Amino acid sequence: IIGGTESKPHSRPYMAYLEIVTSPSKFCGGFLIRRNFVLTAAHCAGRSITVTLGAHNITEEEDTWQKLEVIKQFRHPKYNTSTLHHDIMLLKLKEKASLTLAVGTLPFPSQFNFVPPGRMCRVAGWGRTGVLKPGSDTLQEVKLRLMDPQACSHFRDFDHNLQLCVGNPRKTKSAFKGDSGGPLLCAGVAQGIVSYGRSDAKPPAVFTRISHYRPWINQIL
């Protein structure tokens, strides 16, 4: 998260931190939708994934931490490994998390509108705070603007109708590396998932549209 501020501790109890091991390690975001299911981006898939819940500080272990092993990675069946179309994945945790002050579920409303540009939303994560910067010690959140699709025209495989263009190009505020899989929260409802952007972190970034995959996510609910 670039250009954001520290969240109030445990004010985002659904946030998940992913430690991914390949067959090199990756770090992603995610959010708890149910006690044993985490929603994240499909490109975060690897061999081993460990989920940390109930964390504000990610660098030193807290009493509110809950670490769970992923036992199944359910990528969307039409996910494209290079163009990142349908970049959404369901993770089944080995055990059930404990609902506490620090661990909670993100509720999904009965209606998911196709959200047009112009909306102001929030994204949170422990990702890099800038280009070449390390991951944030604590959970950061930044307010971002849903941009017109023409602002993401430089991305070769961007599709306005499948993805969100998020981030004012004249600022530095944006999600970045390590924030992938984290939710884009508009008005308290997760409308997007951090997918990708530019290596030099110049916004906008590309977000998966959650509204398209509500019936598919309804498998878990």
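Note that residue numbering follows the sequence shown and begins at 1.
Self-check item: Extent of unmodelled deposited sequence, residue 24 relative to residue 23
Solution: Missing residues, residue 23 to residue 24: 1 to 3.
Exercise. Taking the mean of the C-alpha B-factors per stretch from the entry, tell me the winner out of 139-147 and 110-118.
Key: Looking at the recorded C-alpha B-factors, 110-118 comes out higher on average.
Practice problem: Identify the stretch, either 52-60 or 183-191, whose C-alpha atoms have the larger mean B-factor according to the entry. | Solution: According to the PDB entry, the answer is 183-191.
Practice problem: Pick out which of 174, 40, 66, 153 has the highest C-alpha B-factor in the PDB entry. | Solution: In this record, 153 carries the highest C-alpha B-factor of the candidates.
Quiz item: Going by the entry, which third of its chain does the Cα temperature factor of residue 96 land in?
Solution: Tercile = highest for this residue's CA B-factor.
Quiz prompt | Assigned third (lowest, middle, highest) for the C-alpha B factor of residue 197 | solution = Within its chain, residue 197 is a lowest-third residue by C-alpha B-factor, going by the deposited values.
Self-check item: Record-listed C-alpha B factor of residue 178: chain third
Solution: Answer is lowest: the recorded C-alpha B-factor places it there.
Exercise. Would you mind ranking residue 10 by its C-alpha B-factor against the rest of the chain and naming the third, lowest, middle or highest?
Key: Its C-alpha B-factor belongs to the highest third of this chain's values.
Exercise. Give the position of residue 167 by CA B-factor within its chain, expressed as the lowest, middle or highest third.
Key: Tercile = middle for this residue's CA B-factor.
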